[PDB]
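>>> take these chains first, placed just as they are in the complex:
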Amino acid sequence: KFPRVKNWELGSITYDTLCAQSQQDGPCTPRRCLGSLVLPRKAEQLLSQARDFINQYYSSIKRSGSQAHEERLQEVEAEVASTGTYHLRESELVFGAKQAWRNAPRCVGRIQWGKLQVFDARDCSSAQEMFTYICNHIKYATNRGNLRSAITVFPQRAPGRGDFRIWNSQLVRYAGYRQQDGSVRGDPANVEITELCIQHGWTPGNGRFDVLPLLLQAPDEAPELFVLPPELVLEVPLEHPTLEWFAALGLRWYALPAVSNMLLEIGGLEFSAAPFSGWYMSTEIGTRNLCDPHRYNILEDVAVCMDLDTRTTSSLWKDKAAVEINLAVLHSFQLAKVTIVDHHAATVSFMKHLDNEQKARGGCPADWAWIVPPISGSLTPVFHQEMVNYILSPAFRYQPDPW
């Protein structure tokens, strides 16, 4: 029937009835679970999604059945029947953006979901205008290190017309230059975007942390290249509270995590450019970005500096170096007065969020493999909590690369 959901540390049980509201298939079947896969393998419809969303909106303002609610439904209907599409009012877009964050199964930061600044950028007609909105978004969100969550929404997709797109996967990305002796200098995750930039006329650097320009694209136009003003990109030098040699590693990370390659779907409408930002959880930087073998891969370097036995796995040299790197990220962001949350505090807030949502909506869609942090899993409460994963709309979705 409905999933019985148990927490194995406390022995407490809930039941998810929210999943019954899902209208979209995930990748699992009774024959086999594909829950660990990162990406998906691959007018009456629009109208029914539209109506459902308008229903969500009016219920949320506690005015279901009001004349305003009936009129709005007819507007949507008349617009679709005539034009094949429709448009949201700003207040609907604001509600929609918040629900999409709220519904995002892979996000451990959802306790913050109702606090989101929404910039309406739907009156955008050029890449140059896109750039101006983006600079303002960054300036607002960064806020001298007192980070504020925000989203900017660019014009929706229209049939038989190219999309508005930001080609970069994030607003801030460090270059990855592939030197022909096999290796990569910089961030291996951004090799393809770096090359795309150079090809579109960017003068490349040759450092480990060169901030990339943005490639911005208006419909059916070649993308345009814009360099972000260095004073807009707040960055944090990494040092360690006790290990003085750590700063000599020349490591740093940027303050603002702003994803810019995802599609925002609201009521059947699709926003192909809608970058969103919040603040970092430390493990993203300290564990994944710096310690992944296919990223900066600094584990061995830090270990050799800590004079650890690199010869055998059984000395746990990797685990020790990783802890210290995460410590340095936390220490450095704290010294710089830049908002950051550690994985213990984040997962503790998520448990509170699960409980809030259980009372509010009867469940919470969550992807266990993503919610549990990449170091010290079972040391956090979420490890011991069963979760149900399913797709609710409004939603953030992946979409193909524009190139």
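Sure thing, it's come through. Residues are numbered from 1 along each chain as shown, chains lettered A, B, ... in the order given.

>>> list the buried residues of stretch A:322-342.
A:322, A:324-333, A:338-342 (16 or more other Cβ atoms under 10 Å). Where C-beta positions appear, they are placed from N, C-alpha and C, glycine not excepted.

>>> likewise stretch A:286-300?
Buried, per 16+ other Cβ under 10 Å, within stretch A:286-300: A:286-287, A:289-291, A:295-296, A:298-299.

>>> what ranges do the helices span in the stretch 151-300 of chain A?
Taking DSSP state H, counting those that start in this stretch as the criterion, the stretch 151-300 of chain A contains helices spanning A:191-199, A:282-283, A:290-291, A:299-305.

>>> among the ones you listed, which is nearest residue A:255?
Taking Cβ to Cβ, helix A:282-283 is the member of those nearest to residue A:255, at 12.7 Å.

>>> helices or strands next to that closest one in the packing?
helix A:317-335 (3 or more Cβ pairs under 8 Å, 6 or more residues apart in numbering; DSSP states H and E).

>>> sheet partners, orientation included, of the helix or strand just after the helix it packs on?
Using DSSP states H and E, the helix or strand that follows helix A:317-335 in sequence is strand A:340-341. Each strand paired with strand A:340-341, and its direction, by DSSP bridges: strand A:280-281 (parallel).

>>> centre of the chain versus the partner strand, how much separation?
11 Å (Cα atoms, centre = their mean, to the nearest Å).

>>> now stretch A:324-336
Worked out by Cα atoms, centre = their mean, stretch A:324-336 lies 22 Å from the chain centre.

>>> repeat that for stretch A:315-326.
The answer for stretch A:315-326 is 26 Å, by Cα atoms, centre = their mean.

>>> put chain B on too:
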Amino acid sequence: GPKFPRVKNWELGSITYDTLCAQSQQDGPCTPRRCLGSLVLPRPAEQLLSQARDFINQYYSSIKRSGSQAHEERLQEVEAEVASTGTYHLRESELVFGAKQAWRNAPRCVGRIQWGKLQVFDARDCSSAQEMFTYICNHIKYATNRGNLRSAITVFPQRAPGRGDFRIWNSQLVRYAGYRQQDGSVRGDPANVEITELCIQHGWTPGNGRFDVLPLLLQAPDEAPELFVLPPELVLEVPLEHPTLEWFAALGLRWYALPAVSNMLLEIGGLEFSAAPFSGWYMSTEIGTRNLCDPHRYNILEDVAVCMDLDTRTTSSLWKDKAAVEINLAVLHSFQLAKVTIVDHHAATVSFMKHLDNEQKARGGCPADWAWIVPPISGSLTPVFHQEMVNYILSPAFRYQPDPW
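If we add chain B to the chains shown above, we get the following:
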């Protein structure tokens, strides 16, 4: 592309397709509408015969005699036996193949690289609780081997029509007592509170330590379980010390050498073996992270962090992470010093990636439960974190079964 799940490793960029999942004949808990992958326990002769035939086919394939005269004859013999008695019996070599294949098929086990080297003790002649005990002690002595641990399974008689099961009530052959206290706390292992109280109900005189080895409650068919004390010399333990933190030894922590699971059901060709205890050797995180640091287990994290003089008043000091690493190191160092087989989570996961490649070639895939395969500390520092996995049920299988009481 091919019409099978596509499986990617995000570290290496390499891609495989799982075709083995096509052979699954039993559903798990997921649907296209919602994934239940994270749940720990998810919820007639014609039915027996098809399970039986499938297994005999599997057996004859494994010896490259599929379609042979002996194959058709063994099939014919299984149908005849089921037809006249409602059940059938496995030849010795079929039981051995079945036991190894159940291990090979176990989605939650990271140690499967070793699957082909499993010593199978045939105990289907056992007729008493006392005899079960003799078999179990023999298993323990062989598997323990003075610290040079050897994988083994002992198989007691199958479930039979209208007759009680053979059962071992304890969840493992070695378990530390958990004594419920007057204030509500637990002395010992909280995981074992219930089995401890059952032992006392059945006549065990209880100790009062943190590490009292429990007696075994053993049940022969249609009889009350009998109580058996393991002679201490048979139960190898390892006192825990740390290679540099000299005070760690003073904590008086220890763990037993042999992980031997005893409450699972071994299913083969529809036959059900309700008592089939199996053992290997530990991965160090099972002891160092889960058993010692889980909040609902021994919960020693704060004790150790205080000894290490860490800031336990704030999450951002990473005092939990720091203490947990040193505890795992102590586990590894103590087992190594004691010459008792053990594998760290890095070596174990590397060996499992090797296993995945072997099985891709041998069977076109490998059923695996990501959440269980990725270790409870240092997750993304191990190669399995970045490997997509397909989970599904194959038979022969080890299955959960309800508690006997």
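
>>> and the buried residues of stretch A:286-300, now that chain B is part of it?
By neighbour count on 16 or more other Cβ atoms under 10 Å in any protein chain shown, the buried set for stretch A:286-300 is A:286-292, A:295-296, A:298-299.

>>> and the contacts of it?
The contact list for stretch A:286-300 (Cβ atoms under 8 Å, 6 or more residues apart in numbering or on different chains) reads A:187-189, A:208, A:249, A:251, A:253, A:310, A:318, A:321-322, A:325-330, A:373-375, B:10-12, B:380-381, B:386.

>>> picking up where we left off before, out of the buried residues of stretch A:286-300, which sit inside strands?
Using DSSP state E, no member of these sits in strands.

>>> can you report how many residues neighbour residue A:161?
10 (other Cβ atoms under 10 Å in any protein chain shown).

>>> okay, now residue A:115: neighbour count?
Residue A:115: 11 neighbours (other Cβ under 10 Å).

>>> mind giving me the domain split of chain A?
A:16-122+A:149-159+A:263-277+A:347-371, A:123-148+A:163-234+A:398-402, A:235-257+A:280-345 (curated CATH domains).

>>> next one: the longest one to chain centre, how far?
Pointing back at domain A:16-122+A:149-159+A:263-277+A:347-371 there. On Cα atoms, centre = their mean, the centre of domain A:16-122+A:149-159+A:263-277+A:347-371 falls 15 Å from that of its chain.

>>> how about it and chain B, any contact?
Yes: Domain A:16-122+A:149-159+A:263-277+A:347-371 reaches chain B (Cβ under 8 Å from any Cβ of the partner chain) through A:16, A:19, A:22, A:25-38, A:41, A:348, A:367-369.

>>> nearest to chain B: which residue in the stretch 101-250 of chain A?
Proximity to chain B, evaluated over the stretch 101-250 of chain A using Cβ to the nearest Cβ, is greatest for residue A:105 at 9.2 Å.
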